[PDB]
Amino acid sequence: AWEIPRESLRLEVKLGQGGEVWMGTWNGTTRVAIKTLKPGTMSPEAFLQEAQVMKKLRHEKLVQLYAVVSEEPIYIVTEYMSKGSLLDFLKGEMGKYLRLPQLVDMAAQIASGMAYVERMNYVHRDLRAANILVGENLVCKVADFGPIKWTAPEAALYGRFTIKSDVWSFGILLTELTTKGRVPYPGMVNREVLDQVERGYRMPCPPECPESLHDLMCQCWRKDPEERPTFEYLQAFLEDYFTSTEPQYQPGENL
Amino acid sequence: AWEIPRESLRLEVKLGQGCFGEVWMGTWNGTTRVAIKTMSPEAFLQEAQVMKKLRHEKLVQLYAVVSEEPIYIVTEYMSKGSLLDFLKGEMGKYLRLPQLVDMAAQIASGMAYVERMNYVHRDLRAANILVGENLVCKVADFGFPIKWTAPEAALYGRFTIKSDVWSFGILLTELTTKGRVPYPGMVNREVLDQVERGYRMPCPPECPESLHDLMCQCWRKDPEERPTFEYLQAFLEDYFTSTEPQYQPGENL
Ligand SMILES: Cc1nc(Nc2ncc(C(=O)Nc3cccc(NC(=O)c4cccc(C(F)(F)F)c4)c3)s2)cc(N2CCN(CCO)CC2)n1
Ligand SMILES: Cc1nc(Nc2ncc(C(=O)Nc3cccc(NC(=O)c4cccc(C(F)(F)F)c4)c3)s2)cc(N2CCN(CCO)CC2)n1
């Protein structure tokens with residue numbers, strides 16, 4: 001039903017490697033993003049399993065599936081995000097100019113997309129800035145390109161991947177936004193992280209970040225997954241942040 | 001007259017910050033739990049002078065004051081904090097319409113006294129309402145909230161008890177939406193222009209039409225067409241018998 005011929009697609013510029021992700025034109029008018037599969041690395045039935053997930057999910061804050069190519073090489077066609085990954089965006093030229101009102105709005109958009117995933121009873125399992133795509137007018141959309149520092153302890157240790165383990169990951173994503181794409185738990189290795197978070201270690205409040213936003217991060221990092229907040233609460237809290245939580249917020253040198 | 005030495009009060013835990021000072025939880029004479037508030041000294045002490053004249057059960061009661069700088073305005077302690085934080089927090093999901101209407105009835109009672117005393121609050125909203133034990137709500141003042149202010153008070157500075165009624169209508173949306181910011185998606189600029197052309201917030205989800213009609217009565221273009229807090233108090237106290245006798249609890253209200 002979602003099938004289209006290869007003749008309609010024209011791969012123009014390569015964006016990432018691993019298969020690989022391209023920027024092209026569908027039917028010679030619509031600018032699209034094409035994720036190709038390198039044969040041998042993964043079977044076509046296992047690669048199209050991701051598109052099966054995208055067929056059931058439809059929201060303004062999720063990367064929208066456009067079409068699929070069942071003939072090898074396998075193509076998964078989606079909408080094009082002009083600014084790339086949130087991680088590269090935060091690390092790049094734009095990072096210096098982004099302040100807390102922009103970063104909280106981006107966080108509110110991600111929380112909205114994840115609030116849909118919550119309602120649909122789906123689990124992302126790899127929520128991070130690298131899996132968030134940025135477009136025009138600071139539009140952020142939840143994606144998956146295919147991460148112990150971002151994974152909840154029960155999910156990393158006992159494989160208990162839930163929407164509450166995604167909430168934990170969203171808490172880590174908040175540190176990425178407030179540190180301008182810096183890797184969580186700086187100086188700590190994957191083994192050091194897993195053992196310290198069990199003993200109750202949590203990342204301290206990032207510099208220039210208000211305590212109220214770090215409290216929200218700490219709510220996302222509660223040992224008991226059931227005690228963690230919903231993405232519905234996170235969306236509402238982040239949308240209303242500069243009126244209800246920080247009305248006396250003053251811009252600084254970085255945040 | 002209300003004066004007490006500095007050695008009596010002890011500031012233990014910081015509750016709030018910003019504005020002119022800070023709200024602190026402490027102990028007065030080492031027996032009773034109190035709240036202490038740390039602009040010219042004559043301007044800050046003027047707030048405590050107003051509190052000396054206002055005495056009501058649904059108003060934060062003034063206990064003591066320190067005249068010389070640094071000034072310490074001592075009041076009663078509200079264990080649950082601001083109504084906004086209370087609604088936004090863990091308690092929000094459990095609060096239904098009978099509780100929220102009872103809370104609104106208590107705020108209307110406090111504001112009914114304010115009305116009788118010919119006083120104007122000027123900043124009535126959930127952030128200036130404090131919650132205690134057994135859902136006791138008391139009117140407070142922590143010191144622009146255009147979304148809560150009436151058009152005549154925002155544009156022409158015509159601050160009255162009728163403009164406080166407008167603010168109470170917005171507070172009713174805060175209660176029924178569980179602390180959500182009014183006029184969602186709208187900025188203070190497009191709020192003033194839309195409200196002037198006649199725009200009013202629609203009925204919140206699961207909220208009865210009868211409570212939205214009361215919100216709209218508080219939001220009448222002509223301030224003298226707005227109801228009294230005495231009417232608002234009586235309407236909310238009798239709500240589940242006179243207005244909604246066949247009310248059934250839902251998923252959120
Ligand atoms: C790597 C990259 N991608 C860019 N844009 C993209 N737009 C869409 C992309 C993409 O990954 N599309 C795609 C293709 C196939 C499948 C998928 N699926 C998903 O991402 C996916 C999978 C499962 C679930 C979900 C969801 F929504 F639930 F969370 C999503 C997504 S990648 C731009 C860019 N830029 C850097 C280069 N500059 C300059 C020009 O070269 C432009 C910005 N760099
Ligand atoms: C900010 C905050 N205040 C709390 N409790 C409070 N109780 C009283 C407070 C207070 O503002 N007291 C105070 C001190 C000095 C002056 C004033 N005055 C007024 O508020 C005032 C001034 C003028 C007029 C009016 C009136 F009534 F007409 F409207 C009122 C009030 S603040 C608790 C709390 N929390 C609840 C639990 N804790 C942790 C417990 O360990 C965290 C949050 N958070």
# chains A, B, ... in the order shown; residues from 1 in each chain; ligands from 1

call {"tool": "interface_residues", "arguments": {"of": "chain B", "to": "chain A", "cutoff": "10 Å", "atoms": "only C-alpha atoms", "output": "number ranges by chain"}}
result
B: 17-19, 84-85, 88-90, 126-127, 144-145, 179-182, 184-185

call {"tool": "residues_near_ligand", "arguments": {"ligand": "ligand 2", "cutoff": "9 Å", "atoms": "only C-alpha atoms and all ligand atoms", "output": "number ranges by chain"}}
result
B: 13-17, 22-25, 34-38, 47-48, 50-51, 54-56, 58-62, 65, 72-82, 85-86, 110-111, 114, 119-121, 123-124, 128-132, 138-143

call {"tool": "residues_near_ligand", "arguments": {"ligand": "ligand 1", "cutoff": "6 Å", "atoms": "only C-alpha atoms and all ligand atoms", "output": "number ranges by chain"}}
result
A: 15-16, 33-35, 50, 54, 62-63, 76-84, 142-145

call {"tool": "select_by_dssp", "arguments": {"residues": "stretch 83-158 of chain A", "states": "strand (DSSP E or B)", "output": "MDAnalysis selection string"}}
result
chainID A and resid 84:85 132:134 140:142

call {"tool": "write_last_selection", "arguments": {"atoms": "C-alpha atoms", "output": "compact mmCIF listing (two decimals), in the first residue's frame"}}
result
# COMPACT_ATOMS: atom_id res chain seq x y z
CA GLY A 84 19.71 17.69 11.04
CA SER A 85 20.13 16.06 14.47
CA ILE A 132 15.86 14.17 17.53
CA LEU A 133 15.69 15.96 14.17
CA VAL A 134 15.58 19.78 13.80
CA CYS A 140 11.95 19.35 16.69
CA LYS A 141 10.70 15.87 15.76
CA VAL A 142 11.28 12.47 17.42

call {"tool": "closest_residue", "arguments": {"among": "B:175, B:232, B:71, B:64", "to": "residue B:44", "atoms": "only C-alpha atoms"}}
result
B:71

call {"tool": "select_by_dssp", "arguments": {"residues": "stretch 75-248 of chain B", "states": "helix (DSSP H, G or I)", "output": "VMD selection string"}}
result
chain B and resid 83 to 88 97 to 116 126 to 128 133 to 135 151 to 155 161 to 176 188 to 196 209 to 218 223 to 225 229 to 237 239 to 243

call {"tool": "residues_around", "arguments": {"residues": "stretch 146-150 of chain A", "least_positions_apart": "4", "cutoff": "8 Å", "atoms": "only C-alpha atoms", "output": "PDB file with C-alpha atoms, in the first residue's frame"}}
result
ATOM      1  CA  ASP A 126      16.672   5.179  22.310  1.00  0.00           C
ATOM      2  CA  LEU A 127      15.460   8.710  23.207  1.00  0.00           C
ATOM      3  CA  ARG A 128      18.391  11.204  22.933  1.00  0.00           C
ATOM      4  CA  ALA A 156      19.860  -1.567  30.972  1.00  0.00           C
ATOM      5  CA  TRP A 168      14.527   8.664  32.258  1.00  0.00           C
ATOM      6  CA  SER A 169      16.112   9.157  28.769  1.00  0.00           C
ATOM      7  CA  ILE A 172      19.239  12.939  30.155  1.00  0.00           C
ATOM      8  CA  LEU A 173      18.129  14.751  26.925  1.00  0.00           C
ATOM      9  CA  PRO A 184      26.172  13.102  30.073  1.00  0.00           C
ATOM     10  CA  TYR A 185      28.263  12.042  33.159  1.00  0.00           C
ATOM     11  CA  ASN A 190      29.833   3.215  30.899  1.00  0.00           C
ATOM     12  CA  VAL A 193      27.810   5.274  35.233  1.00  0.00           C
ATOM     13  CA  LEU A 194      25.841   1.980  35.734  1.00  0.00           C
TER      14      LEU A 194
END

call {"tool": "decode", "arguments": {"residues": "stretch 114-199 of chain B", "atoms": "C-alpha atoms", "output": "mmCIF file, in the first residue's frame"}}
result
data_model
loop_
_atom_site.group_PDB
_atom_site.id
_atom_site.type_symbol
_atom_site.label_atom_id
_atom_site.label_comp_id
_atom_site.auth_asym_id
_atom_site.auth_seq_id
_atom_site.Cartn_x
_atom_site.Cartn_y
_atom_site.Cartn_z
ATOM 1 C CA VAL B 114 -11.893 41.963 50.860
ATOM 2 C CA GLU B 115 -15.056 43.300 49.042
ATOM 3 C CA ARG B 116 -16.748 44.277 52.404
ATOM 4 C CA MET B 117 -13.516 46.030 53.594
ATOM 5 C CA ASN B 118 -13.400 48.063 50.269
ATOM 6 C CA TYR B 119 -9.923 46.635 49.428
ATOM 7 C CA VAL B 120 -8.575 45.658 45.952
ATOM 8 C CA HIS B 121 -6.159 42.673 45.666
ATOM 9 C CA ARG B 122 -4.924 43.624 42.088
ATOM 10 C CA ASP B 123 -3.153 40.237 41.551
ATOM 11 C CA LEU B 124 -5.679 37.437 42.250
ATOM 12 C CA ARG B 125 -4.479 34.073 40.793
ATOM 13 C CA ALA B 126 -3.593 30.496 41.943
ATOM 14 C CA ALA B 127 0.096 31.589 42.492
ATOM 15 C CA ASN B 128 -1.152 34.034 45.222
ATOM 16 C CA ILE B 129 -3.430 31.405 46.881
ATOM 17 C CA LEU B 130 -1.913 29.209 49.600
ATOM 18 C CA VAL B 131 -3.089 25.684 50.480
ATOM 19 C CA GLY B 132 -2.920 24.161 53.984
ATOM 20 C CA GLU B 133 -4.185 20.963 55.647
ATOM 21 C CA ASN B 134 -7.661 19.519 54.715
ATOM 22 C CA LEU B 135 -7.583 21.639 51.434
ATOM 23 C CA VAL B 136 -7.769 24.976 53.350
ATOM 24 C CA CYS B 137 -7.259 27.820 50.821
ATOM 25 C CA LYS B 138 -6.231 31.310 51.953
ATOM 26 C CA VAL B 139 -5.747 34.469 49.860
ATOM 27 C CA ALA B 140 -2.105 35.724 49.913
ATOM 28 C CA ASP B 141 0.134 38.259 48.075
ATOM 29 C CA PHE B 142 3.771 37.465 47.123
ATOM 30 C CA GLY B 143 4.219 40.839 45.325
ATOM 31 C CA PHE B 144 2.777 41.595 34.253
ATOM 32 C CA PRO B 145 -0.021 38.954 34.687
ATOM 33 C CA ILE B 146 -2.060 40.401 31.734
ATOM 34 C CA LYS B 147 -3.833 36.991 31.247
ATOM 35 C CA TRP B 148 -5.401 37.398 34.765
ATOM 36 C CA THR B 149 -6.003 41.198 34.620
ATOM 37 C CA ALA B 150 -9.314 42.753 33.412
ATOM 38 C CA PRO B 151 -9.035 44.927 30.219
ATOM 39 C CA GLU B 152 -9.947 48.226 32.007
ATOM 40 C CA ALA B 153 -7.330 47.540 34.767
ATOM 41 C CA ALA B 154 -4.622 46.517 32.244
ATOM 42 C CA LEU B 155 -5.266 49.303 29.656
ATOM 43 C CA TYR B 156 -6.553 52.218 31.810
ATOM 44 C CA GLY B 157 -5.348 51.225 35.335
ATOM 45 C CA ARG B 158 -8.982 50.944 36.555
ATOM 46 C CA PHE B 159 -8.207 48.384 39.344
ATOM 47 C CA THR B 160 -11.420 47.575 41.312
ATOM 48 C CA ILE B 161 -13.048 44.635 43.179
ATOM 49 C CA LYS B 162 -14.868 44.058 39.815
ATOM 50 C CA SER B 163 -11.431 43.623 38.114
ATOM 51 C CA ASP B 164 -10.627 41.142 40.967
ATOM 52 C CA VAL B 165 -13.844 39.264 39.930
ATOM 53 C CA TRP B 166 -12.357 38.973 36.361
ATOM 54 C CA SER B 167 -9.136 37.520 37.903
ATOM 55 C CA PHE B 168 -11.272 35.007 39.901
ATOM 56 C CA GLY B 169 -12.840 33.825 36.595
ATOM 57 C CA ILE B 170 -9.305 33.083 35.253
ATOM 58 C CA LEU B 171 -8.492 31.355 38.620
ATOM 59 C CA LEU B 172 -11.542 29.080 37.951
ATOM 60 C CA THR B 173 -9.910 27.998 34.627
ATOM 61 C CA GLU B 174 -6.639 27.321 36.550
ATOM 62 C CA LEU B 175 -8.587 25.055 38.983
ATOM 63 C CA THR B 176 -10.538 23.221 36.200
ATOM 64 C CA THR B 177 -7.398 22.776 33.962
ATOM 65 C CA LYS B 178 -5.186 21.674 36.965
ATOM 66 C CA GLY B 179 -2.953 24.782 36.935
ATOM 67 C CA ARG B 180 -2.550 25.251 33.158
ATOM 68 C CA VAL B 181 -1.648 28.793 32.012
ATOM 69 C CA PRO B 182 -4.818 30.572 30.679
ATOM 70 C CA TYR B 183 -5.258 31.385 26.917
ATOM 71 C CA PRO B 184 -2.938 28.462 25.822
ATOM 72 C CA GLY B 185 -0.786 29.203 22.750
ATOM 73 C CA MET B 186 -1.481 32.974 23.050
ATOM 74 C CA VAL B 187 1.074 35.648 24.063
ATOM 75 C CA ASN B 188 0.183 38.696 26.299
ATOM 76 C CA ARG B 189 -0.046 40.886 23.112
ATOM 77 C CA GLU B 190 -2.574 38.692 21.212
ATOM 78 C CA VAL B 191 -4.482 38.204 24.561
ATOM 79 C CA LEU B 192 -5.328 41.966 24.956
ATOM 80 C CA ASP B 193 -6.394 42.274 21.257
ATOM 81 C CA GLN B 194 -8.525 39.054 21.239
ATOM 82 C CA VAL B 195 -10.186 39.811 24.653
ATOM 83 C CA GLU B 196 -11.041 43.398 23.433
ATOM 84 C CA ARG B 197 -12.721 42.052 20.233
ATOM 85 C CA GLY B 198 -14.809 39.775 22.559
ATOM 86 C CA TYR B 199 -12.757 36.526 22.807
#
